[PDB]
file structure.txt (compact mmCIF, C-alpha atoms)
# COMPACT_ATOMS: atom_id res chain seq x y z
CA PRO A 1 -2.84 -4.27 13.40
CA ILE A 2 -3.13 -1.71 10.60
CA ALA A 3 -5.90 -1.97 7.98
CA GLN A 4 -6.09 0.04 4.73
CA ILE A 5 -9.44 -0.34 3.02
CA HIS A 6 -10.02 0.83 -0.56
CA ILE A 7 -13.65 1.71 -1.20
CA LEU A 8 -15.51 3.47 -4.01
CA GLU A 9 -16.26 7.16 -3.35
CA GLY A 10 -19.82 8.22 -2.52
CA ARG A 11 -20.51 7.06 1.04
CA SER A 12 -21.42 9.55 3.81
CA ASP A 13 -19.13 10.46 6.73
CA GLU A 14 -21.52 8.53 8.98
CA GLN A 15 -21.24 5.41 6.84
CA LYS A 16 -17.43 5.57 6.85
CA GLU A 17 -17.55 6.09 10.60
CA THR A 18 -19.54 2.88 10.89
CA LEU A 19 -17.10 1.06 8.61
CA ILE A 20 -14.09 2.00 10.76
CA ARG A 21 -15.74 0.89 13.99
CA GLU A 22 -17.12 -2.38 12.62
CA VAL A 23 -13.90 -3.42 10.93
CA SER A 24 -11.80 -2.44 13.97
CA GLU A 25 -14.01 -4.52 16.23
CA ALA A 26 -13.82 -7.38 13.73
CA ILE A 27 -9.99 -7.29 13.80
CA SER A 28 -9.89 -7.12 17.61
CA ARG A 29 -12.29 -10.07 17.99
CA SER A 30 -10.74 -12.26 15.28
CA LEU A 31 -7.18 -11.86 16.54
CA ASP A 32 -7.72 -11.36 20.26
CA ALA A 33 -5.90 -8.03 19.92
CA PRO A 34 -6.55 -4.96 22.10
CA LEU A 35 -9.06 -2.67 20.38
CA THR A 36 -6.83 0.32 21.06
CA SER A 37 -4.06 -1.25 18.97
CA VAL A 38 -6.22 -1.38 15.84
CA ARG A 39 -5.82 1.36 13.21
CA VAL A 40 -7.90 1.66 10.05
CA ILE A 41 -7.21 3.86 7.00
CA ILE A 42 -10.02 4.43 4.52
CA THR A 43 -8.90 5.19 0.99
CA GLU A 44 -11.55 6.36 -1.45
CA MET A 45 -11.37 5.49 -5.15
CA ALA A 46 -12.85 7.73 -7.84
CA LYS A 47 -14.90 6.01 -10.55
CA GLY A 48 -12.24 6.67 -13.17
CA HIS A 49 -9.52 5.13 -10.99
CA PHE A 50 -10.73 1.59 -10.41
CA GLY A 51 -10.66 -1.07 -13.08
CA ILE A 52 -11.95 -4.63 -13.22
CA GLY A 53 -10.96 -6.69 -16.22
CA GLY A 54 -9.35 -3.65 -17.80
CA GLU A 55 -12.61 -1.74 -17.86
CA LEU A 56 -14.04 0.89 -15.50
CA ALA A 57 -16.48 -0.22 -12.82
CA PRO B 1 -13.74 -2.98 -1.72
CA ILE B 2 -10.22 -4.20 -0.92
CA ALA B 3 -8.72 -4.37 2.55
CA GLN B 4 -5.02 -4.88 3.23
CA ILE B 5 -4.33 -5.75 6.82
CA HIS B 6 -0.86 -5.61 8.34
CA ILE B 7 -0.48 -7.94 11.30
CA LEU B 8 2.39 -9.27 13.42
CA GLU B 9 3.71 -12.76 12.71
CA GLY B 10 2.56 -15.51 15.03
CA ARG B 11 -1.11 -15.98 14.15
CA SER B 12 -2.59 -19.39 13.37
CA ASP B 13 -4.12 -20.36 10.05
CA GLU B 14 -7.44 -20.55 11.89
CA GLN B 15 -7.20 -16.95 13.17
CA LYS B 16 -6.35 -15.60 9.70
CA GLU B 17 -9.30 -17.37 8.04
CA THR B 18 -11.54 -15.91 10.77
CA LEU B 19 -9.95 -12.48 10.27
CA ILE B 20 -10.71 -12.60 6.54
CA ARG B 21 -14.30 -13.73 7.06
CA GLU B 22 -15.09 -11.33 9.93
CA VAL B 23 -13.53 -8.22 8.31
CA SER B 24 -15.24 -9.07 5.01
CA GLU B 25 -18.68 -9.31 6.66
CA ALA B 26 -18.03 -6.05 8.55
CA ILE B 27 -17.22 -4.36 5.26
CA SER B 28 -20.25 -5.87 3.55
CA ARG B 29 -22.71 -4.76 6.27
CA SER B 30 -21.24 -1.29 6.76
CA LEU B 31 -21.23 -0.22 3.11
CA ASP B 32 -24.18 -2.31 1.90
CA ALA B 33 -21.78 -3.93 -0.59
CA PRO B 34 -22.18 -7.53 -1.82
CA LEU B 35 -20.06 -9.96 0.20
CA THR B 36 -18.73 -11.54 -3.00
CA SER B 37 -17.17 -8.19 -3.99
CA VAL B 38 -15.01 -7.91 -0.84
CA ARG B 39 -11.31 -8.77 -1.09
CA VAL B 40 -8.89 -9.06 1.80
CA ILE B 41 -5.10 -9.23 1.76
CA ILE B 42 -3.24 -10.32 4.92
CA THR B 43 0.30 -8.93 5.26
CA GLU B 44 2.47 -10.37 8.04
CA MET B 45 5.18 -8.31 9.74
CA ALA B 46 8.34 -9.81 11.20
CA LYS B 47 9.30 -8.43 14.63
CA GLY B 48 12.37 -6.62 13.28
CA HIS B 49 10.26 -4.84 10.63
CA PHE B 50 7.68 -3.00 12.72
CA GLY B 51 8.52 0.15 14.63
CA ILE B 52 6.58 2.14 17.20
CA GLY B 53 8.11 5.41 18.39
CA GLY B 54 11.37 4.63 16.59
CA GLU B 55 11.89 1.39 18.50
CA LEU B 56 10.97 -2.15 17.48
CA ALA B 57 7.53 -3.18 18.76
CA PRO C 1 5.28 5.85 -11.89
CA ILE C 2 5.22 3.14 -9.22
CA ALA C 3 3.21 -0.07 -9.57
CA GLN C 4 2.62 -2.54 -6.75
CA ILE C 5 1.22 -5.84 -7.93
CA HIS C 6 -0.17 -8.32 -5.43
CA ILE C 7 -0.16 -11.83 -6.93
CA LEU C 8 -0.83 -15.36 -5.69
CA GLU C 9 2.14 -17.66 -5.01
CA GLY C 10 3.04 -20.13 -7.71
CA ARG C 11 4.32 -18.18 -10.63
CA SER C 12 7.68 -18.80 -12.38
CA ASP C 13 10.63 -16.40 -12.47
CA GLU C 14 10.19 -15.76 -16.22
CA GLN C 15 6.49 -15.06 -15.69
CA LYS C 16 7.41 -12.47 -13.05
CA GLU C 17 10.25 -11.01 -15.12
CA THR C 18 7.84 -10.82 -18.09
CA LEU C 19 5.22 -9.32 -15.74
CA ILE C 20 7.68 -6.59 -14.76
CA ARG C 21 8.65 -5.78 -18.36
CA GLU C 22 5.16 -5.79 -19.92
CA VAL C 23 3.60 -3.73 -17.11
CA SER C 24 6.46 -1.20 -17.23
CA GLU C 25 6.12 -0.82 -21.01
CA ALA C 26 2.31 -0.57 -20.75
CA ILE C 27 2.68 2.17 -18.17
CA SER C 28 5.31 3.93 -20.25
CA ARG C 29 3.30 4.00 -23.50
CA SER C 30 -0.08 4.82 -21.90
CA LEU C 31 1.32 7.78 -19.98
CA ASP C 32 4.15 8.76 -22.35
CA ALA C 33 6.53 8.46 -19.43
CA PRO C 34 10.15 7.38 -19.90
CA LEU C 35 10.54 3.65 -19.25
CA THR C 36 13.47 4.32 -16.90
CA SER C 37 11.22 6.21 -14.45
CA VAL C 38 8.81 3.28 -14.04
CA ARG C 39 9.16 1.10 -10.93
CA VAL C 40 7.38 -2.19 -10.27
CA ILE C 41 6.97 -4.08 -7.00
CA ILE C 42 5.72 -7.65 -7.03
CA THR C 43 4.18 -8.79 -3.76
CA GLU C 44 3.46 -12.52 -3.46
CA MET C 45 0.52 -13.67 -1.33
CA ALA C 46 0.40 -17.02 0.53
CA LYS C 47 -2.74 -19.07 -0.10
CA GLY C 48 -4.11 -18.52 3.42
CA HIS C 49 -3.61 -14.76 3.20
CA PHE C 50 -5.97 -13.88 0.35
CA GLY C 51 -9.71 -13.67 0.79
CA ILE C 52 -12.60 -13.34 -1.64
CA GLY C 53 -16.13 -13.04 -0.26
CA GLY C 54 -14.92 -13.82 3.25
CA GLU C 55 -13.50 -17.16 2.19
CA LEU C 56 -9.98 -18.06 1.02
CA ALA C 57 -9.56 -17.70 -2.74
CA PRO D 1 -4.18 -10.06 -9.23
CA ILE D 2 -4.35 -6.51 -7.84
CA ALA D 3 -2.24 -3.60 -9.11
CA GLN D 4 -1.96 -0.27 -7.34
CA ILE D 5 -0.33 2.32 -9.52
CA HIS D 6 0.95 5.62 -8.10
CA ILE D 7 1.12 8.29 -10.79
CA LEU D 8 1.60 12.02 -10.83
CA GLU D 9 -1.55 14.14 -11.13
CA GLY D 10 -2.40 15.99 -14.29
CA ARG D 11 -3.44 13.30 -16.70
CA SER D 12 -6.84 13.23 -18.36
CA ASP D 13 -9.52 10.55 -17.95
CA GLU D 14 -8.99 8.88 -21.34
CA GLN D 15 -5.27 8.36 -20.66
CA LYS D 16 -6.00 6.82 -17.25
CA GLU D 17 -8.60 4.58 -18.90
CA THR D 18 -5.97 3.50 -21.39
CA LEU D 19 -3.50 2.89 -18.53
CA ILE D 20 -6.03 0.60 -16.83
CA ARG D 21 -6.77 -1.39 -19.98
CA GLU D 22 -3.13 -1.74 -21.07
CA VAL D 23 -1.83 -2.70 -17.62
CA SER D 24 -4.67 -5.20 -17.15
CA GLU D 25 -3.92 -7.08 -20.38
CA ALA D 26 -0.19 -7.06 -19.52
CA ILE D 27 -0.88 -8.63 -16.15
CA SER D 28 -3.32 -11.15 -17.65
CA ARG D 29 -0.99 -12.27 -20.44
CA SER D 30 2.13 -12.43 -18.29
CA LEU D 31 0.54 -14.55 -15.57
CA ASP D 32 -1.90 -16.67 -17.60
CA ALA D 33 -4.61 -15.16 -15.38
CA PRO D 34 -8.20 -14.45 -16.49
CA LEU D 35 -8.58 -10.82 -17.64
CA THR D 36 -11.66 -10.37 -15.47
CA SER D 37 -9.78 -11.31 -12.27
CA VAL D 38 -7.34 -8.43 -12.76
CA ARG D 39 -7.96 -5.32 -10.68
CA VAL D 40 -6.21 -1.97 -11.05
CA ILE D 41 -6.21 0.97 -8.63
CA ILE D 42 -4.91 4.31 -9.82
CA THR D 43 -3.66 6.62 -7.12
CA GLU D 44 -2.89 10.16 -8.17
CA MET D 45 -0.13 12.06 -6.39
CA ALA D 46 -0.11 15.86 -6.16
CA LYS D 47 3.20 17.40 -7.20
CA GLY D 48 3.96 18.47 -3.63
CA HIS D 49 3.49 14.89 -2.37
CA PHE D 50 6.06 13.00 -4.43
CA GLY D 51 9.77 13.24 -3.79
CA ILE D 52 12.77 11.94 -5.68
CA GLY D 53 16.13 12.29 -4.01
CA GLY D 54 14.56 14.38 -1.26
CA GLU D 55 13.24 17.03 -3.65
CA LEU D 56 9.93 17.29 -5.52
CA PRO E 1 2.02 9.05 11.09
CA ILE E 2 2.44 5.67 9.42
CA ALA E 3 5.42 4.97 7.23
CA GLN E 4 5.75 1.99 4.88
CA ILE E 5 9.19 1.54 3.34
CA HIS E 6 9.91 -0.96 0.55
CA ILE E 7 13.56 -2.05 0.40
CA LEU E 8 15.46 -4.87 -1.31
CA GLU E 9 16.27 -7.84 0.96
CA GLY E 10 19.84 -8.08 2.11
CA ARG E 11 20.14 -5.55 4.92
CA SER E 12 21.23 -6.55 8.38
CA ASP E 13 18.86 -6.49 11.35
CA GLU E 14 20.94 -3.66 12.80
CA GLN E 15 20.67 -1.74 9.57
CA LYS E 16 16.84 -2.05 9.55
CA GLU E 17 16.64 -1.02 13.24
CA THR E 18 18.65 2.09 12.39
CA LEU E 19 16.34 2.83 9.44
CA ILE E 20 13.26 2.57 11.64
CA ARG E 21 14.74 4.82 14.33
CA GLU E 22 16.13 7.40 11.86
CA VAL E 23 12.96 7.59 9.77
CA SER E 24 10.76 7.84 12.88
CA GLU E 25 12.84 10.73 14.21
CA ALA E 26 12.83 12.48 10.82
CA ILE E 27 9.04 12.25 10.72
CA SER E 28 8.77 13.41 14.32
CA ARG E 29 11.00 16.46 13.79
CA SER E 30 9.44 17.40 10.42
CA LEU E 31 5.87 17.30 11.65
CA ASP E 32 6.28 18.36 15.28
CA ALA E 33 4.45 15.11 16.03
CA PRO E 34 5.14 13.10 19.18
CA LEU E 35 7.72 10.45 18.40
CA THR E 36 5.53 7.87 20.13
CA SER E 37 2.73 8.24 17.56
CA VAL E 38 5.01 7.35 14.67
CA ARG E 39 4.76 3.86 13.22
CA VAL E 40 7.09 2.41 10.58
CA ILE E 41 6.60 -0.75 8.50
CA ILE E 42 9.49 -2.30 6.60
CA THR E 43 8.61 -4.43 3.58
CA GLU E 44 11.43 -6.43 2.02
CA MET E 45 11.57 -7.14 -1.71
CA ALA E 46 13.04 -10.36 -3.08
CA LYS E 47 15.62 -9.91 -5.83
CA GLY E 48 13.27 -11.13 -8.57
CA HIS E 49 10.41 -8.92 -7.43
CA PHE E 50 11.59 -5.34 -8.02
CA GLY E 51 11.75 -3.75 -11.47
CA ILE E 52 13.21 -0.50 -12.73
CA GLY E 53 12.62 0.45 -16.34
CA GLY E 54 11.18 -2.99 -17.05
CA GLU E 55 14.32 -4.74 -15.76
CA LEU E 56 15.08 -6.63 -12.54
CA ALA E 57 16.82 -4.75 -9.74
CA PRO F 1 13.97 2.52 -1.53
CA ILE F 2 10.33 3.67 -1.63
CA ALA F 3 8.55 5.09 1.41
CA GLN F 4 4.82 5.80 1.56
CA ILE F 5 3.82 7.95 4.53
CA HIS F 6 0.21 8.34 5.60
CA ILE F 7 -0.37 11.57 7.50
CA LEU F 8 -3.49 13.49 8.54
CA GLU F 9 -4.53 16.34 6.24
CA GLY F 10 -3.89 19.96 7.19
CA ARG F 11 -0.18 20.70 6.85
CA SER F 12 1.19 23.38 4.60
CA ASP F 13 3.03 22.56 1.34
CA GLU F 14 6.40 23.67 2.74
CA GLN F 15 6.15 21.42 5.86
CA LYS F 16 5.41 18.36 3.70
CA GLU F 17 8.32 19.31 1.46
CA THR F 18 10.46 19.39 4.62
CA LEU F 19 9.07 15.95 5.60
CA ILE F 20 9.94 14.50 2.23
CA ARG F 21 13.48 15.88 2.39
CA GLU F 22 14.24 14.76 5.96
CA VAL F 23 12.81 11.24 5.55
CA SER F 24 14.74 10.87 2.28
CA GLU F 25 18.05 11.78 3.95
CA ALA F 26 17.39 9.42 6.85
CA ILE F 27 16.69 6.56 4.46
CA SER F 28 19.76 7.46 2.40
CA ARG F 29 21.94 7.61 5.51
CA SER F 30 20.58 4.44 7.14
CA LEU F 31 20.88 2.16 4.09
CA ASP F 32 23.91 3.79 2.41
CA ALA F 33 21.80 4.21 -0.71
CA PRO F 34 22.29 7.01 -3.24
CA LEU F 35 19.78 9.75 -2.43
CA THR F 36 18.67 9.80 -6.10
CA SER F 37 17.31 6.26 -5.53
CA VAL F 38 14.99 7.28 -2.69
CA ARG F 39 11.36 7.90 -3.48
CA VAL F 40 8.86 9.25 -0.99
CA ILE F 41 5.05 9.44 -1.34
CA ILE F 42 2.93 11.56 1.00
CA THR F 43 -0.62 10.33 1.42
CA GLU F 44 -2.97 12.64 3.29
CA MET F 45 -5.83 11.19 5.29
CA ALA F 46 -9.02 13.15 5.88
CA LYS F 47 -10.10 13.30 9.51
CA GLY F 48 -13.10 11.08 8.88
CA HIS F 49 -10.91 8.40 7.28
CA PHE F 50 -8.50 7.54 10.09
CA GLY F 51 -9.56 5.42 13.04
CA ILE F 52 -7.71 4.40 16.19
CA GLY F 53 -9.40 1.83 18.38
CA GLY F 54 -12.44 2.00 16.12
CA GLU F 55 -13.02 5.72 16.70
CA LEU F 56 -11.90 8.71 14.65
CA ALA F 57 -8.45 9.89 15.81
call {"tool": "encode", "arguments": {"input": "structure.txt", "output": "structure tokens"}}
result
Amino acid sequence: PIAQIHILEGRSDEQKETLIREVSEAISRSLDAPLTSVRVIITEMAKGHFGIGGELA
Amino acid sequence: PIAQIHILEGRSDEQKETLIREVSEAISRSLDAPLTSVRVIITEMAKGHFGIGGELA
Amino acid sequence: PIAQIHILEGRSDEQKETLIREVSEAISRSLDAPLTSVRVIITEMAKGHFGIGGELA
Amino acid sequence: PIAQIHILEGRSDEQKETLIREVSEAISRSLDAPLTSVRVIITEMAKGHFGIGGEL
Amino acid sequence: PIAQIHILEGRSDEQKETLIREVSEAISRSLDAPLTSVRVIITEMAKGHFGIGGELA
Amino acid sequence: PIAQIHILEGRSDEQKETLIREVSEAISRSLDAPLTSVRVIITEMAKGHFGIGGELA
């Protein structure tokens, strides 16, 4: 499984490290897939690049 | 936050609902983001559409 | 410019054709880019494949 | 509805703001979807990262 | 490396296998990356779902 | 055809230009599509943003 997660910029390296591990374990557990087969890509969004309802967040 | 997860075809409806819930909670805990703000997209891959090392998986 | 739009299943062909035209024109005018350079990809999501707050939408 | 738009780098903040607003109404109107449910992600591409016909 | 390729539906299975092998090798040679680390995802587009210049493909 | 390739950060501009060219030709050759129709997007991943098996790669 391959996961791409879009998140707002501003979290620490440590926090993103935690995100990758926790999500990867979640995918492995949910799907009964080998942990080693799970890849996660974190994509950061700048504040001026993410809109909800046509307006900036 | 928005997660798009590519997975191989063959999973049950039950596994995919669990995947969405478990990845969403993992995201929520890891980033201290409200659960209600987490969105997850499941994308299924057919066996002839996923390659590893230039060969079909 | 390349736009990928994830939408829920259930929309008509005209609605999607209109979606493609209006989004392409909106991109073209906002960015002063030639309409002919604008590409739009519609990706339909099955009901069990889209999550909000850890639950199906 | 969620739109991810890949655009070339170099545009200013006001133009990207306009892009977000204009695309969001277009999606909303076309699909008879609530404006507030429409999400737009702008992804900027550096000039050395986007190829057409094998060349930048 | 992870490659996602959007193409219009209508190609043969053989044709998509060739695409996956050829793209994987091109990535491998260009990056001096082991072929085995290269993953390719093919995403097919339905005829009514791809727009160029505001018009259907 | 549109290919998005996620690669780890750190390559020079000329190597990525080579990657774009070689992948584009492979796609053109495999699908018998006019090269002018092939679009390729390079997306660099920071080291702290790419996980394999829940750990940074």
call {"tool": "interface_residues", "arguments": {"input": "structure.txt", "of": "chain D", "to": "chain B", "cutoff": "12 Å", "atoms": "all atoms listed in the file", "output": "ChimeraX atom specification"}}
result
/D:1-4,37,39-41
call {"tool": "calpha_fit_and_write", "arguments": {"input": "structure.txt", "fixed": "chain A", "moving": "chain B", "output": "PDB file with C-alpha atoms, in the frame of the given file"}}
result
ATOM      1  CA  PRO B   1      -2.830  -4.288  13.343  1.00  0.00           C
ATOM      2  CA  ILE B   2      -3.405  -1.810  10.507  1.00  0.00           C
ATOM      3  CA  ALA B   3      -6.128  -2.097   7.895  1.00  0.00           C
ATOM      4  CA  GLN B   4      -6.216  -0.049   4.699  1.00  0.00           C
ATOM      5  CA  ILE B   5      -9.547  -0.234   2.970  1.00  0.00           C
ATOM      6  CA  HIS B   6     -10.072   0.897  -0.610  1.00  0.00           C
ATOM      7  CA  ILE B   7     -13.651   1.925  -1.294  1.00  0.00           C
ATOM      8  CA  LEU B   8     -15.528   3.711  -4.085  1.00  0.00           C
ATOM      9  CA  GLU B   9     -16.383   7.385  -3.641  1.00  0.00           C
ATOM     10  CA  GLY B  10     -19.932   8.188  -2.629  1.00  0.00           C
ATOM     11  CA  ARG B  11     -20.152   6.999   0.976  1.00  0.00           C
ATOM     12  CA  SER B  12     -21.467   9.214   3.768  1.00  0.00           C
ATOM     13  CA  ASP B  13     -19.439  10.338   6.756  1.00  0.00           C
ATOM     14  CA  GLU B  14     -21.754   8.178   8.857  1.00  0.00           C
ATOM     15  CA  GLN B  15     -21.017   5.013   6.833  1.00  0.00           C
ATOM     16  CA  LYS B  16     -17.243   5.558   7.048  1.00  0.00           C
ATOM     17  CA  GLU B  17     -17.299   6.029  10.838  1.00  0.00           C
ATOM     18  CA  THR B  18     -19.339   2.807  11.075  1.00  0.00           C
ATOM     19  CA  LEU B  19     -16.908   1.068   8.706  1.00  0.00           C
ATOM     20  CA  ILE B  20     -13.960   2.049  10.909  1.00  0.00           C
ATOM     21  CA  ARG B  21     -15.675   0.946  14.115  1.00  0.00           C
ATOM     22  CA  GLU B  22     -17.081  -2.333  12.739  1.00  0.00           C
ATOM     23  CA  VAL B  23     -13.865  -3.451  10.968  1.00  0.00           C
ATOM     24  CA  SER B  24     -11.830  -2.521  14.056  1.00  0.00           C
ATOM     25  CA  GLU B  25     -14.034  -4.638  16.353  1.00  0.00           C
ATOM     26  CA  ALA B  26     -13.898  -7.533  13.859  1.00  0.00           C
ATOM     27  CA  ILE B  27     -10.117  -7.339  13.912  1.00  0.00           C
ATOM     28  CA  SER B  28     -10.019  -7.097  17.696  1.00  0.00           C
ATOM     29  CA  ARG B  29     -12.267 -10.150  18.247  1.00  0.00           C
ATOM     30  CA  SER B  30     -10.679 -12.319  15.561  1.00  0.00           C
ATOM     31  CA  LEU B  31      -7.058 -11.917  16.655  1.00  0.00           C
ATOM     32  CA  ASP B  32      -7.653 -11.346  20.377  1.00  0.00           C
ATOM     33  CA  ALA B  33      -5.862  -7.997  19.967  1.00  0.00           C
ATOM     34  CA  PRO B  34      -6.674  -4.931  22.105  1.00  0.00           C
ATOM     35  CA  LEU B  35      -9.158  -2.621  20.381  1.00  0.00           C
ATOM     36  CA  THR B  36      -6.961   0.395  21.143  1.00  0.00           C
ATOM     37  CA  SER B  37      -4.160  -1.129  19.028  1.00  0.00           C
ATOM     38  CA  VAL B  38      -6.258  -1.329  15.831  1.00  0.00           C
ATOM     39  CA  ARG B  39      -5.731   1.313  13.141  1.00  0.00           C
ATOM     40  CA  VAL B  40      -7.838   1.785  10.038  1.00  0.00           C
ATOM     41  CA  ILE B  41      -7.130   3.855   6.938  1.00  0.00           C
ATOM     42  CA  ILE B  42      -9.972   4.584   4.483  1.00  0.00           C
ATOM     43  CA  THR B  43      -8.867   5.163   0.874  1.00  0.00           C
ATOM     44  CA  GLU B  44     -11.498   6.456  -1.559  1.00  0.00           C
ATOM     45  CA  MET B  45     -11.381   5.619  -5.269  1.00  0.00           C
ATOM     46  CA  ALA B  46     -12.725   7.912  -7.973  1.00  0.00           C
ATOM     47  CA  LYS B  47     -14.758   6.137 -10.676  1.00  0.00           C
ATOM     48  CA  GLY B  48     -12.110   6.721 -13.353  1.00  0.00           C
ATOM     49  CA  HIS B  49      -9.410   5.145 -11.146  1.00  0.00           C
ATOM     50  CA  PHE B  50     -10.789   1.668 -10.500  1.00  0.00           C
ATOM     51  CA  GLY B  51     -10.687  -1.051 -13.122  1.00  0.00           C
ATOM     52  CA  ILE B  52     -12.271  -4.486 -13.263  1.00  0.00           C
ATOM     53  CA  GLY B  53     -11.363  -6.705 -16.213  1.00  0.00           C
ATOM     54  CA  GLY B  54      -9.571  -3.821 -17.930  1.00  0.00           C
ATOM     55  CA  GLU B  55     -12.681  -1.643 -17.974  1.00  0.00           C
ATOM     56  CA  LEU B  56     -13.745   1.041 -15.508  1.00  0.00           C
ATOM     57  CA  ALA B  57     -16.024  -0.324 -12.774  1.00  0.00           C
TER      58      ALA B  57
END
call {"tool": "interface_residues", "arguments": {"input": "structure.txt", "of": "chain C", "to": "chain B", "cutoff": "8 Å", "atoms": "only C-alpha atoms", "output": "list in words"}}
result
residues 45, 48, 49, 50, 51, 52, 53, 54, 55 and 56 of chain C
call {"tool": "atom_distance", "arguments": {"input": "structure.txt", "atom1": "CA of residue 51 in chain D", "atom2": "CA of residue 38 in chain D"}}
result
29.0 Å
call {"tool": "atom_distance", "arguments": {"input": "structure.txt", "atom1": "CA of residue 6 in chain B", "atom2": "CA of residue 9 in chain E"}}
result
18.8 Å
call {"tool": "atom_distance", "arguments": {"input": "structure.txt", "atom1": "CA of residue 43 in chain D", "atom2": "CA of residue 30 in chain F"}}
result
28.2 Å
call {"tool": "closest_residue", "arguments": {"input": "structure.txt", "among": "D:45, D:20, D:54, D:31", "to": "residue 8 in chain D", "atoms": "all atoms listed in the file"}}
result
D:45
call {"tool": "axis_aligned_box", "arguments": {"input": "structure.txt", "around": "range 9-13 of chain A", "padding_each_side": "4 Å", "output": "AutoDock Vina command-line options"}}
result
--center_x -18.8 --center_y 8.8 --center_z 1.7 --size_x 13.2 --size_y 11.4 --size_z 18.1
call {"tool": "closest_residue", "arguments": {"input": "structure.txt", "among": "D:12, D:27, D:19, D:55", "to": "residue 42 in chain D", "atoms": "only C-alpha atoms"}}
result
D:19
call {"tool": "build_atoms", "arguments": {"input": "structure.txt", "residues": "range 35-46 of chain E", "atoms": "N, CA, C and O atoms", "output": "compact mmCIF listing (two decimals), in the coordinates of the input"}}
result
# COMPACT_ATOMS: atom_id res chain seq x y z
N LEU E 35 7.00 11.57 18.96
CA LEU E 35 7.72 10.45 18.40
C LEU E 35 6.92 9.17 18.60
O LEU E 35 6.82 8.35 17.70
N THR E 36 6.28 9.06 19.76
CA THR E 36 5.53 7.87 20.13
C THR E 36 4.34 7.53 19.23
O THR E 36 3.84 6.41 19.26
N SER E 37 3.87 8.49 18.43
CA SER E 37 2.73 8.24 17.56
C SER E 37 3.17 7.72 16.20
O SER E 37 2.35 7.34 15.37
N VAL E 38 4.48 7.71 15.97
CA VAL E 38 5.01 7.35 14.67
C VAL E 38 5.22 5.85 14.54
O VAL E 38 5.92 5.22 15.35
N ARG E 39 4.62 5.28 13.50
CA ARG E 39 4.76 3.86 13.22
C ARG E 39 5.45 3.67 11.87
O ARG E 39 5.20 4.43 10.94
N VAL E 40 6.36 2.70 11.81
CA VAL E 40 7.09 2.41 10.58
C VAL E 40 7.01 0.92 10.25
O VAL E 40 7.26 0.05 11.12
N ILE E 41 6.65 0.62 9.00
CA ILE E 41 6.60 -0.75 8.50
C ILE E 41 7.65 -0.97 7.42
O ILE E 41 7.68 -0.26 6.42
N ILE E 42 8.53 -1.94 7.64
CA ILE E 42 9.49 -2.30 6.60
C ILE E 42 8.99 -3.50 5.82
O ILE E 42 8.63 -4.53 6.40
N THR E 43 8.99 -3.36 4.50
CA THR E 43 8.61 -4.43 3.58
C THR E 43 9.78 -4.79 2.68
O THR E 43 10.21 -3.97 1.87
N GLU E 44 10.30 -6.00 2.83
CA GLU E 44 11.43 -6.43 2.02
C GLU E 44 11.01 -6.96 0.66
O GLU E 44 10.01 -7.67 0.54
N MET E 45 11.79 -6.62 -0.36
CA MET E 45 11.57 -7.14 -1.71
C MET E 45 12.63 -8.17 -2.09
O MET E 45 13.84 -7.92 -1.97
N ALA E 46 12.16 -9.32 -2.56
CA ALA E 46 13.04 -10.36 -3.08
C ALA E 46 13.69 -9.86 -4.36
O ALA E 46 13.13 -9.00 -5.05
